[PDB]
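A.B. asks: Contents are mmCIF, C-alpha atoms; file name model10.cif:
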```cif
data_data
#
loop_
_atom_site.label_atom_id
_atom_site.label_comp_id
_atom_site.auth_asym_id
_atom_site.auth_seq_id
_atom_site.Cartn_x
_atom_site.Cartn_y
_atom_site.Cartn_z
CA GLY A 433 -80.76 -15.00 73.61
CA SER A 434 -79.94 -12.99 70.48
CA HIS A 435 -77.03 -15.33 69.65
CA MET A 436 -74.62 -12.41 69.68
CA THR A 437 -71.77 -14.49 71.16
CA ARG A 438 -70.83 -16.89 68.41
CA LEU A 439 -68.23 -19.11 66.77
CA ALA A 440 -66.84 -17.77 63.49
CA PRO A 441 -64.90 -19.63 60.75
CA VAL A 442 -61.25 -18.75 60.19
CA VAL A 443 -59.67 -18.88 56.73
CA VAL A 444 -56.37 -20.70 57.25
CA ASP A 445 -54.78 -23.86 55.86
CA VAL A 446 -54.83 -26.58 58.53
CA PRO A 447 -54.78 -30.38 58.77
CA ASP A 448 -58.21 -32.01 58.75
CA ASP A 449 -57.89 -32.88 62.47
CA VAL A 450 -57.42 -29.27 63.54
CA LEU A 451 -60.29 -26.85 64.11
CA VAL A 452 -59.70 -23.07 64.15
CA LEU A 453 -62.46 -20.68 65.22
CA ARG A 454 -62.90 -17.12 66.49
CA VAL A 455 -65.14 -16.41 69.47
CA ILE A 456 -66.95 -13.15 68.87
CA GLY A 457 -68.84 -11.57 71.74
CA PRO A 458 -68.70 -11.60 75.55
CA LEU A 459 -68.46 -14.79 77.57
CA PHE A 460 -71.10 -14.05 80.19
CA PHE A 461 -72.49 -17.23 81.75
CA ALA A 462 -75.60 -17.68 79.59
CA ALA A 463 -73.90 -16.96 76.26
CA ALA A 464 -70.86 -19.04 77.25
CA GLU A 465 -73.08 -21.98 78.13
CA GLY A 466 -74.59 -22.04 74.65
CA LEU A 467 -71.27 -21.49 72.87
CA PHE A 468 -69.31 -24.23 74.64
CA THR A 469 -72.22 -26.63 74.25
CA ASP A 470 -72.18 -25.91 70.50
CA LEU A 471 -68.39 -26.32 70.35
CA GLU A 472 -68.57 -29.79 71.97
CA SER A 473 -70.56 -31.03 68.98
CA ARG A 474 -67.75 -30.11 66.57
CA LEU A 475 -64.91 -32.09 68.16
CA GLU A 476 -65.17 -35.50 66.51
CA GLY A 477 -61.81 -36.44 64.98
CA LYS A 478 -60.13 -33.25 66.19
CA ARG A 479 -56.72 -33.41 67.82
CA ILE A 480 -56.47 -29.64 68.33
CA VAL A 481 -59.08 -26.93 68.71
CA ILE A 482 -57.82 -23.36 68.50
CA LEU A 483 -60.04 -20.53 69.77
CA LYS A 484 -59.03 -16.95 68.98
CA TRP A 485 -60.57 -14.61 71.57
CA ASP A 486 -59.56 -11.20 70.20
CA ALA A 487 -63.27 -10.29 70.05
CA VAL A 488 -64.15 -11.53 73.56
CA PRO A 489 -64.11 -8.30 75.58
CA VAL A 490 -65.45 -9.70 78.88
CA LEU A 491 -65.53 -13.01 80.75
CA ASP A 492 -67.56 -13.18 83.98
CA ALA A 493 -67.53 -15.64 86.88
CA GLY A 494 -70.17 -17.94 85.39
CA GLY A 495 -68.62 -17.66 81.93
CA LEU A 496 -65.32 -18.82 83.40
CA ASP A 497 -67.07 -21.66 85.22
CA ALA A 498 -68.52 -22.72 81.84
CA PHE A 499 -65.05 -22.54 80.23
CA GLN A 500 -63.58 -24.70 82.98
CA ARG A 501 -66.32 -27.32 82.58
CA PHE A 502 -65.83 -27.34 78.80
CA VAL A 503 -62.11 -27.95 79.30
CA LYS A 504 -62.79 -30.67 81.88
CA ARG A 505 -65.07 -32.41 79.36
CA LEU A 506 -62.70 -32.35 76.37
CA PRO A 507 -62.19 -35.80 74.80
CA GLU A 508 -58.92 -37.64 75.40
CA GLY A 509 -56.37 -36.57 72.79
CA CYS A 510 -58.07 -33.24 72.03
CA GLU A 511 -56.17 -30.11 73.12
CA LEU A 512 -57.82 -26.70 73.44
CA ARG A 513 -55.55 -23.83 72.44
CA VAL A 514 -56.74 -20.32 73.30
CA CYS A 515 -55.07 -17.22 71.84
CA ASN A 516 -55.46 -13.41 71.91
CA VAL A 517 -57.03 -13.26 75.37
CA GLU A 518 -58.00 -9.64 76.03
CA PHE A 519 -57.28 -7.68 79.19
CA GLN A 520 -60.44 -8.28 81.22
CA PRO A 521 -60.73 -12.04 80.54
CA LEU A 522 -56.98 -12.45 81.13
CA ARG A 523 -57.14 -10.59 84.46
CA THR A 524 -60.20 -12.67 85.41
CA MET A 525 -58.41 -15.95 84.68
CA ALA A 526 -55.24 -14.75 86.40
CA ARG A 527 -57.14 -13.89 89.59
CA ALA A 528 -58.77 -17.33 89.42
CA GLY A 529 -55.37 -18.98 89.02
CA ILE A 530 -56.19 -20.72 85.72
CA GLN A 531 -53.23 -22.82 84.55
CA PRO A 532 -52.48 -24.71 81.37
CA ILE A 533 -53.03 -28.50 81.43
CA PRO A 534 -50.62 -30.73 79.44
CA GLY A 535 -52.34 -32.13 76.35
CA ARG A 536 -55.68 -30.52 77.32
CA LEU A 537 -55.39 -26.72 77.63
CA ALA A 538 -52.74 -24.30 76.34
CA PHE A 539 -52.63 -20.50 75.89
CA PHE A 540 -50.78 -18.48 73.23
CA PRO A 541 -50.36 -14.78 72.45
CA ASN A 542 -51.57 -15.16 68.88
CA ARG A 543 -52.64 -17.53 66.09
CA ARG A 544 -49.11 -17.92 64.76
CA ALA A 545 -47.89 -19.21 68.11
CA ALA A 546 -50.95 -21.46 68.54
CA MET A 547 -50.24 -23.08 65.16
CA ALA A 548 -46.43 -23.23 65.32
CA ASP A 549 -46.24 -26.99 65.84
CA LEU A 550 -48.53 -27.49 62.85
CA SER B 2 -38.56 5.43 98.05
CA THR B 3 -40.52 7.97 96.00
CA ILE B 4 -43.74 6.93 94.26
CA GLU B 5 -41.97 6.93 90.89
CA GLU B 6 -39.22 4.73 92.31
CA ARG B 7 -41.78 2.38 93.84
CA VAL B 8 -43.63 2.03 90.53
CA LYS B 9 -40.36 1.26 88.70
CA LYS B 10 -39.32 -1.22 91.40
CA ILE B 11 -42.59 -3.12 90.97
CA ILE B 12 -42.29 -3.10 87.17
CA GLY B 13 -38.76 -4.51 87.47
CA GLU B 14 -39.90 -7.24 89.88
CA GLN B 15 -42.97 -8.27 87.90
CA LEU B 16 -41.20 -8.29 84.52
CA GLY B 17 -37.95 -9.62 85.95
CA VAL B 18 -35.62 -6.95 84.55
CA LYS B 19 -32.83 -4.92 86.16
CA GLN B 20 -33.81 -1.54 87.61
CA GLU B 21 -31.38 -0.01 85.11
CA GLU B 22 -33.63 -0.97 82.19
CA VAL B 23 -36.84 0.42 83.71
CA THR B 24 -36.53 3.83 82.09
CA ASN B 25 -39.59 6.07 81.81
CA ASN B 26 -39.86 5.63 78.05
CA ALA B 27 -39.80 1.83 78.22
CA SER B 28 -42.66 -0.20 76.76
CA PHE B 29 -43.38 -3.36 78.76
CA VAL B 30 -43.83 -5.45 75.61
CA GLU B 31 -41.56 -3.79 73.03
CA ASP B 32 -38.66 -3.06 75.36
CA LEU B 33 -38.88 -5.11 78.56
CA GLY B 34 -39.81 -8.51 77.13
CA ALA B 35 -43.24 -8.65 78.80
CA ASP B 36 -46.25 -10.51 77.45
CA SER B 37 -49.90 -9.76 78.13
CA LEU B 38 -50.04 -11.91 81.28
CA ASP B 39 -46.96 -10.20 82.73
CA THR B 40 -48.76 -6.94 81.98
CA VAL B 41 -51.93 -8.06 83.78
CA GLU B 42 -49.90 -9.20 86.80
CA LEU B 43 -48.04 -5.88 86.80
CA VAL B 44 -51.30 -3.91 86.84
CA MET B 45 -52.58 -6.19 89.65
CA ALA B 46 -49.43 -5.54 91.68
CA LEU B 47 -49.85 -1.78 91.26
CA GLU B 48 -53.51 -2.09 92.35
CA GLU B 49 -52.46 -3.90 95.52
CA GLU B 50 -49.54 -1.61 96.41
CA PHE B 51 -51.45 1.64 95.86
CA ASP B 52 -54.74 0.35 97.22
CA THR B 53 -56.75 1.19 94.12
CA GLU B 54 -58.96 -0.60 91.62
CA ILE B 55 -58.00 0.31 88.05
CA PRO B 56 -60.85 0.07 85.49
CA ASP B 57 -60.18 -2.23 82.50
CA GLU B 58 -60.43 0.63 79.96
CA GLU B 59 -57.71 2.55 81.76
CA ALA B 60 -55.61 -0.48 82.71
CA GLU B 61 -55.44 -1.41 79.01
CA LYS B 62 -53.53 1.82 78.36
CA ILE B 63 -50.82 1.10 80.94
CA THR B 64 -48.25 -0.26 78.50
CA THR B 65 -45.16 1.81 79.33
CA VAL B 66 -43.27 2.84 82.46
CA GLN B 67 -44.40 6.47 82.09
CA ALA B 68 -48.02 5.39 81.60
CA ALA B 69 -47.94 3.49 84.88
CA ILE B 70 -46.31 6.40 86.75
CA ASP B 71 -48.79 8.85 85.23
CA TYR B 72 -51.86 6.77 86.10
CA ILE B 73 -50.76 6.25 89.70
CA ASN B 74 -49.95 9.95 90.28
CA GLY B 75 -53.07 11.12 88.45
CA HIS B 76 -55.72 8.75 89.80
CA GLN B 77 -55.78 9.11 93.58
CA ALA B 78 -59.57 9.34 93.91
#
```
What does this structure look like when you write it as structure tokens?

C.D. replies:
Amino acid sequence: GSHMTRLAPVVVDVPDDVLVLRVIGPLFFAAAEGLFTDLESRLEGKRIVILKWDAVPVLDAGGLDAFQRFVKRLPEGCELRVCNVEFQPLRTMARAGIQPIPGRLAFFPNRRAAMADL
Amino acid sequence: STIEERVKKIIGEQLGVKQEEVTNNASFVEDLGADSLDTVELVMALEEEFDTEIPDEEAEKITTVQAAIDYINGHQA
């Protein structure tokens, strides 16, 4: 692994219990596994985690599986917000029938919308 | 119906707008109130009706009524 799929800091003013990151690179199984495992270690004291996926051009079957497991494992009281899902990952998740989950998983068109109740 | 009419019909159904508003110039997002998921579902519905898999790179460019009509007419291989 060349660590080419990675979490990147976002410069924005947010409460201390909110984490905002970009995911840069494709979410193929192996890369997704490492990324979501890393993300899980950053969740202490976080009420909201926002992932901006503008730079995620592809999401494959195993990558989606990894995403679903990550969501399943989120701590109580921690909501994942995903924004800027690109065409291929969005079509992949649509075909798989991914749905939001109250208090756990929400999708938004952009960062503004994902942060509107902040 | 003609192919053009069928494409417009599907756009209207998927985006939930009156046939009257589905003019050739119309942009799904800027004019017909679509978001990116509506757009994905619309492309999927065109794929199913016209029995064709549309590559992501080309699907990404289907953002207006004319674009959809043009892709369907032009990509019959």

A.B. asks: Give as number ranges by chain every residue of chain B that touches chain A within 12 Å, counting all atoms listed in the file.

C.D. replies: B: 30, 35-46, 55-64

A.B. asks: Leaving out residue 9 in chain B and any residue of its chain fewer than 4 positions from it, which residues lie within 12 Å of it when counting all atoms listed in the file, given as a PDB file with C-alpha atoms, in the frame of the given file?

C.D. replies:
```
ATOM      1  CA  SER B   2     -38.560   5.430  98.050  1.00  0.00           C
ATOM      2  CA  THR B   3     -40.520   7.970  96.000  1.00  0.00           C
ATOM      3  CA  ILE B   4     -43.740   6.930  94.260  1.00  0.00           C
ATOM      4  CA  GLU B   5     -41.970   6.930  90.890  1.00  0.00           C
ATOM      5  CA  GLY B  13     -38.760  -4.510  87.470  1.00  0.00           C
ATOM      6  CA  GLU B  14     -39.900  -7.240  89.880  1.00  0.00           C
ATOM      7  CA  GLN B  15     -42.970  -8.270  87.900  1.00  0.00           C
ATOM      8  CA  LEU B  16     -41.200  -8.290  84.520  1.00  0.00           C
ATOM      9  CA  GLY B  17     -37.950  -9.620  85.950  1.00  0.00           C
ATOM     10  CA  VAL B  18     -35.620  -6.950  84.550  1.00  0.00           C
ATOM     11  CA  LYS B  19     -32.830  -4.920  86.160  1.00  0.00           C
ATOM     12  CA  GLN B  20     -33.810  -1.540  87.610  1.00  0.00           C
ATOM     13  CA  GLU B  21     -31.380  -0.010  85.110  1.00  0.00           C
ATOM     14  CA  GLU B  22     -33.630  -0.970  82.190  1.00  0.00           C
ATOM     15  CA  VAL B  23     -36.840   0.420  83.710  1.00  0.00           C
ATOM     16  CA  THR B  24     -36.530   3.830  82.090  1.00  0.00           C
ATOM     17  CA  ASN B  25     -39.590   6.070  81.810  1.00  0.00           C
ATOM     18  CA  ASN B  26     -39.860   5.630  78.050  1.00  0.00           C
ATOM     19  CA  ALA B  27     -39.800   1.830  78.220  1.00  0.00           C
ATOM     20  CA  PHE B  29     -43.380  -3.360  78.760  1.00  0.00           C
ATOM     21  CA  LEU B  43     -48.040  -5.880  86.800  1.00  0.00           C
ATOM     22  CA  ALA B  46     -49.430  -5.540  91.680  1.00  0.00           C
ATOM     23  CA  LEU B  47     -49.850  -1.780  91.260  1.00  0.00           C
ATOM     24  CA  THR B  65     -45.160   1.810  79.330  1.00  0.00           C
ATOM     25  CA  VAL B  66     -43.270   2.840  82.460  1.00  0.00           C
ATOM     26  CA  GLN B  67     -44.400   6.470  82.090  1.00  0.00           C
ATOM     27  CA  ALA B  68     -48.020   5.390  81.600  1.00  0.00           C
ATOM     28  CA  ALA B  69     -47.940   3.490  84.880  1.00  0.00           C
ATOM     29  CA  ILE B  70     -46.310   6.400  86.750  1.00  0.00           C
ATOM     30  CA  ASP B  71     -48.790   8.850  85.230  1.00  0.00           C
ATOM     31  CA  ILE B  73     -50.760   6.250  89.700  1.00  0.00           C
TER      32      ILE B  73
END
```

A.B. asks: Since I can't run it myself right now, could you work out what the PyMOL selection byres ((chain A and resi 509) around 12) selects here and report it as an MDAnalysis selection string?

C.D. replies: chainID A and resid 449:450 475:481 505:508 510:512 534:537

A.B. asks: Can you pull out the residues contacting residue 460 in chain A? Cut-off 6 Å, using all atoms listed in the file, and skip same-chain residues under 2 positions away; I want them as a ChimeraX atom specification.

C.D. replies: /A:458,462-464,491-492,495

A.B. asks: What is the CA of residue 76 in chain B-CA of residue 53 in chain B distance in Å, reported with one decimal?

C.D. replies: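 About the pair CA of residue 76 in chain B and CA of residue 53 in chain B: they are 8.8 Å apart.
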
A.B. asks: Near residue 440 in chain A, counting only C-alpha atoms, which residues have an atom at most 7 Å away, once you skip same-chain residues fewer than 2 positions from it, shown as an MDAnalysis selection string?

C.D. replies: chainID A and resid 438 442 453:455

A.B. asks: B:72, B:50, B:78, B:32: which is nearest residue 7 in chain B, counting all atoms listed in the file?

C.D. replies: B:50

A.B. asks: Please write as a VMD selection string the full residue list that the PyMOL selection byres ((chain A and resi 547-550) around 10) yields on this file.

C.D. replies: chain A and resid 446 to 447 450 452 480 482 513 540 542 to 546
